[PDB]
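Take a look at the structure below.
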Amino acid sequence: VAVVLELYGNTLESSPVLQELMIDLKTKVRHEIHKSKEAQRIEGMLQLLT
Amino acid sequence: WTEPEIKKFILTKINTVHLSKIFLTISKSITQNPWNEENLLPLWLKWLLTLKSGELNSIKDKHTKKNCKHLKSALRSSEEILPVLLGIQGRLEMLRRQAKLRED
Amino acid sequence: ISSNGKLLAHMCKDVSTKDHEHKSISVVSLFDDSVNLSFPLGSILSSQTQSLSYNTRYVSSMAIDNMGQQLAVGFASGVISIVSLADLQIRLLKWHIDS
Amino acid sequence: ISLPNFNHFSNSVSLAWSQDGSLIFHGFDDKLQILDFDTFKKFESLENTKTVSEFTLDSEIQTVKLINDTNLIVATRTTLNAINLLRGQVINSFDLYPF
Amino acid sequence: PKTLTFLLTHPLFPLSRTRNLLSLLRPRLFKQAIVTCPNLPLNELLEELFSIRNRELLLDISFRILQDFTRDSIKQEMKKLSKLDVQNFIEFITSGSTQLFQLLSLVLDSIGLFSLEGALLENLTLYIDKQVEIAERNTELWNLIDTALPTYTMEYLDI
Amino acid sequence: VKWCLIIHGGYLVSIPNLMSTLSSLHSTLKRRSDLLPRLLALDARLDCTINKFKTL
RNA sequence: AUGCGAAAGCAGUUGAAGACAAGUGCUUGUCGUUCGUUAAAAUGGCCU
């Protein structure tokens, strides 16, 4: 999707559907970024509670 | 210069015209201070980048690239520093949580 | 050299010296002198390769007929060209994507 | 395993193993360590006969080898060093830095 | 003097001065010894670290010992250490670098779960939270740094 | 798992072979950790493009 | 792309001459040429 964005910014401007596609993408990626973050917190407790 | 949106609009005007020197000043200021509590200037830089990349890349070749690389190195140390650091935050979190269990 | 070994086919830059046309192609008999021909690669080439990079106009491989009538050459873009010497006229053969 | 994560990087390492399968010699840059196979820790000297678990050397170690239960051979880019193991003293030094 | 300075310069420096030179060293020679010394006993090392001298001894000795030794050994040593000095030092830290944050990780390891002070710990919460926030901010700033139809045109020319 | 390791920390810090005994949790979380940085990369490029088209 | 370095990075680098082509003696280019330094195209794809 990185390379897709790199190629297709202007058609993204044009097309309406693609924009809401990227919106949904952004929602999911924020969500998983978060989940990974608290994942790292709990691995932190693993390191502590050794 | 305070609000992000007026920052965007005056930024568009700067692109109409100054842009190079404000770029360099923001770059140097941030590369001296990687830990400024203020975010306004970071918003300045992020907006100018996310609007006007290619022309800024093309304008110069030495005096912009060099300090870009230097601030790049400093921020590199920052992104190296982050992960275990938010781990530290989590540690303190669950220490407080254990303290809560002790209080009740 | 021809697969017989009886013929030599080579190129020289003297026409580059004496002309805008660069490369001179000469084929000769060895154990006798029955055959000896020479002609410019400029005449050989197409009328379109004059507006493209040195890649096209670069000769990259040579080969000879056993009877001194067909010659094969190959260039940097992978376009083989086969020349019949009598009328000195060509044919293009195109499969290799590289030289 | 034994997983230290030093905040430094050395591209040069070496390591060797005694035939017994118990004594392990990890030469990381500038310092060798003896480790027990069973514990992966420094071979503590309860007698304390100057058999210190670490050897800090003149230079960073690039090569380690053992010939027998007796003799360790370590090459630093300046020197070659042959050290006895029954008595913790360097037997031989050899100038290699110019080479 | 010049002789002892170049002895510090040269790598190998056998046993007894490495054992106890820090007490003697406690200026310019002190800097030279801390920036280059093959062997450094963790006792005196953490004592000098926790000294509030702070001529950037914090960063210096932190990077030194982190290049030098192992987190488990450090944790054992600073368990053997007291905790009042730990409190004062971390207070200086939260008042105001990857080395020092790694030391923060380490000291949390050493303290474990027992001795913590509520309000101090919450001050740590706020400090670390805002410093996190700015850190990921720095991250996206890095990554961003790393980043037909003329249906009818009412135009004119200058003939 | 958070509440679990919260409450019962003392006994497990008593029990020695924590790595092997807790194995799967270890590997799972380290995998997610390994994910983190490229995930950040994708996030930032996506913000770049999103602002690009939302500004107009 | 050089050196140094860790899988990061740090410094450094982009010179001339000759030649020839195109363009109006001049502008651009090119090199199966030199020394000097640490220096994207020819419709054209993989056997039984």
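Chains as they are written, first to last, in our numbering: chain B, 110 to 159; chain Z, 729 to 832; chain A, 9 to 107; chain C, 141 to 239; chain R, 11 to 169; chain V, -16 to 39.
Each residue gets a CB set at the ideal place from its N, CA and C atoms; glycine is no exception.
Note down, in chain order, every chain R residue with its Cβ under 8 angstroms from the Cβ of residue i.
i        : result
C:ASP235 : Within chain R, no residue comes near C:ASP235; the closest Cβ sits about 16 angstroms away, beyond 8 angstroms.
Z:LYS774 : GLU150, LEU151 and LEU154
Z:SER786 : Within chain R, no residue comes near Z:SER786; the closest Cβ sits about 15 angstroms away, beyond 8 angstroms.
Z:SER801 : Per Cβ cutoff of 8 angstroms: no residues; Z:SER801 is ~11 angstroms from chain R at best.
For residue i, which of the options has the nearest alpha-carbon?
i                      : options                                   : result
residue 6 of chain R   : R:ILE103, R:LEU50, R:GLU66 and R:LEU113   : This structure cannot settle anything about residue 6 of chain R, because the visible part of chain R is limited to 11 through 169.
C:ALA156               : C:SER185, C:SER233 and C:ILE201           : C:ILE201
B:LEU116               : V:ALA24, V:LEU1, V:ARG28 and V:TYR(-6)    : V:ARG28
A:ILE98                : A:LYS26, A:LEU16, A:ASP22 and A:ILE52     : A:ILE52
R:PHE60                : R:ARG38, R:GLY128 and R:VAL117            : R:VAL117
A:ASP41                : A:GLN77, A:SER85 and A:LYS14              : A:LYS14
A:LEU93                : A:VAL35, A:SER11 and A:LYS21              : A:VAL35
R:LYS93                : R:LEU25, R:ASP78, R:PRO21 and R:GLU127    : R:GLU127
Z:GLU807               : R:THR28, R:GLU165, R:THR163 and R:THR149  : R:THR149
A:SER11                : A:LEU101, A:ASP95, A:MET70 and A:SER85    : A:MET70
Z:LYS749               : Z:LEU784, Z:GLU733, Z:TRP775 and Z:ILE734 : Z:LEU784
R:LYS12                : R:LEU39, R:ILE138 and R:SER105            : R:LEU39
R:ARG63                : R:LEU76, R:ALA158, R:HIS20 and R:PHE99    : R:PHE99
A:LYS102               : A:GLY86, A:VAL91 and A:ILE90              : A:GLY86
C:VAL153               : C:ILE223, C:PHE239, C:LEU225 and C:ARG217 : C:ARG217
R:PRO37                : R:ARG65, R:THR161 and R:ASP95             : R:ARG65
C:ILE141               : C:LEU225, C:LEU175 and C:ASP209           : C:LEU175
C:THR191               : C:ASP169, C:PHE180 and C:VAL230           : C:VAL230
V:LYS13                : B:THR136, B:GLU141, B:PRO125 and B:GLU152 : B:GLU152
residue 293 of chain C : C:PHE146, C:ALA215, C:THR219 and C:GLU194 : Only positions 141 to 239 of chain C appear in this structure, which leaves residue 293 of chain C out of reach.
Z:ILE809               : Z:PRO732, Z:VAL745, Z:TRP763 and Z:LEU747 : Z:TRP763
R:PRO48                : R:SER105, R:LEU151, R:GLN77 and R:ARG81   : R:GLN77
How close, in whole Å, do the beta carbons of residue i and residue j come, if the pair is a contact with beta carbons under 8 angstroms?
i        : j        : result
C:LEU212 : C:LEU206 : 5 angstroms
A:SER68  : A:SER107 : 5 angstroms
V:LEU23  : B:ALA111 : Not really, about 12 angstroms apart at Cβ, beyond 8 angstroms.
Z:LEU820 : R:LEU134 : 6 angstroms
R:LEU123 : Z:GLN826 : 6 angstroms
A:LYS21  : A:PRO48  : About 11 angstroms; that fails the 8 angstroms criterion.
For residue i, list the residues DSSP reports as bridge partners.
i                      : result
C:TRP157               : C:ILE164
A:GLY82                : A:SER69 and A:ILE88
C:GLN173               : C:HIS166 and C:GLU194
Z:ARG830               : Beta-bridge pairing links Z:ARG830 to no other residue.
C:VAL204               : C:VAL214
C:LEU220               : C:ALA215 and C:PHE234
Z:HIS746               : Note: Z:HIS746 sits in no beta bridge, so no partner.
A:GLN97                : A:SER92
residue 111 of chain A : Past the edges of chain A, shown from 9 to 107, lies residue 111 of chain A, and the structure says nothing about it.
A:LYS102               : A:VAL87
C:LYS182               : C:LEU175
A:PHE47                : A:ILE33
A:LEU15                : A:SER37
Whose Cβ in chain V lies nearer than 8 angstroms to the Cβ of residue i?
i                      : result
R:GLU150               : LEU23, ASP26, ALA27 and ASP30
residue 840 of chain Z : Residue 840 of chain Z lies beyond the residue range present for chain Z, which begins at 729 and ends at 832; the question has no answer from this structure.
Z:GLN826               : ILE(-11) and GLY(-8)
For a contact meaning CB atoms closer than 9 angstroms, what does residue i contact in chain B?
i                      : result
residue 872 of chain Z : With chain Z covering only 729 through 832, there is no way to say anything about residue 872 of chain Z.
R:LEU52                : Under the 9 angstroms cutoff, chain B gives no residues; its nearest Cβ is about 20 angstroms from R:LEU52.
Applying a beta-carbon distance threshold of less than 7 angstroms, which residues of chain B neighbour residue i?
i        : result
Z:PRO811 : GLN149
Taking C-beta pairs closer than 7 angstroms, name the residues in chain R that residue i reaches, listed in chain order.
i        : result
Z:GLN760 : Those within 7 angstroms of Z:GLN760 in chain R number zero; the least Cβ separation is about 14 angstroms.
C:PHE183 : Those do not exist, as C:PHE183 stays about 16 angstroms from chain R at its closest Cβ, beyond 7 angstroms.
Z:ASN767 : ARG147
For residue i, which residues in chain R fall below 9 angstroms Cβ to Cβ?
i        : result
B:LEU134 : Neighbours of B:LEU134 on chain R: none; closest Cβ ~16 angstroms, over 9 angstroms.
C:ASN147 : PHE73, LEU76, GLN77, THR108, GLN109 and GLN112
Could you list which residues in chain C have their beta carbon closer than 8 angstroms to that of residue i, in chain order?
i       : result
R:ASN49 : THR196
Closer than 7 angstroms by beta-carbon distance: list the chain C residues that pair up with residue i, in chain order.
i       : result
R:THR80 : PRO144
Run down chain Z in chain order and give the residues with a C-beta less than 9 angstroms from the C-beta of residue i.
i         : result
V:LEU(-5) : Near V:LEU(-5) there are no residues of chain Z at all, since even the closest Cβ is about 14 angstroms away, more than 9 angstroms.
Residues of chain Z with CB under 7 angstroms from residue i, in chain order?
i        : result
R:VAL142 : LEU813, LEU814 and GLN817
B:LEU157 : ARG819
Which residues in chain V have a C-beta closer than 9 angstroms to the C-beta of residue i? List them in chain order.
i        : result
R:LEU131 : Those do not exist, as R:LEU131 stays about 16 angstroms from chain V at its closest Cβ, beyond 9 angstroms.
Z:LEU829 : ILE(-11) and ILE(-10)
Counting only Cβ pairs nearer than 8 angstroms, list the residues of chain B close to residue i.
i       : result
V:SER16 : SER145, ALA148, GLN149 and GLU152
*How do the region 14 to 21 of chain V and the region 137 to 149 of chain B stand: do at least 3 beta-carbon pairs fall below 8 angstroms, yes or no?*
yes
_Stretch-stretch touch, CB-based, cutoff 8 angstroms, three pairs: the region 35 to 54 of chain R with the region 64 to 81 of chain R_ = yes
*When the Cβ atoms of the region 764 to 782 of chain Z are set against those of the region 744 to 755 of chain Z, are three or more pairs found closer than 8 angstroms?*
yes
*Decide yes or no for the touch test of the region 87 to 96 of chain R against the region 51 to 60 of chain R: beta carbon pairs closer than 8 angstroms, at least 3 of them.*
yes
*State whether the region 807 to 815 of chain Z contacts the region 142 to 150 of chain R, with contact taken as three or more CB pairs (one from each stretch) at a distance under 8 angstroms.*
yes
*Would you check if there are 3 or more beta carbon pairs closer than 8 angstroms linking the region 735 to 746 of chain Z to the region 1 to 8 of chain V?*
no
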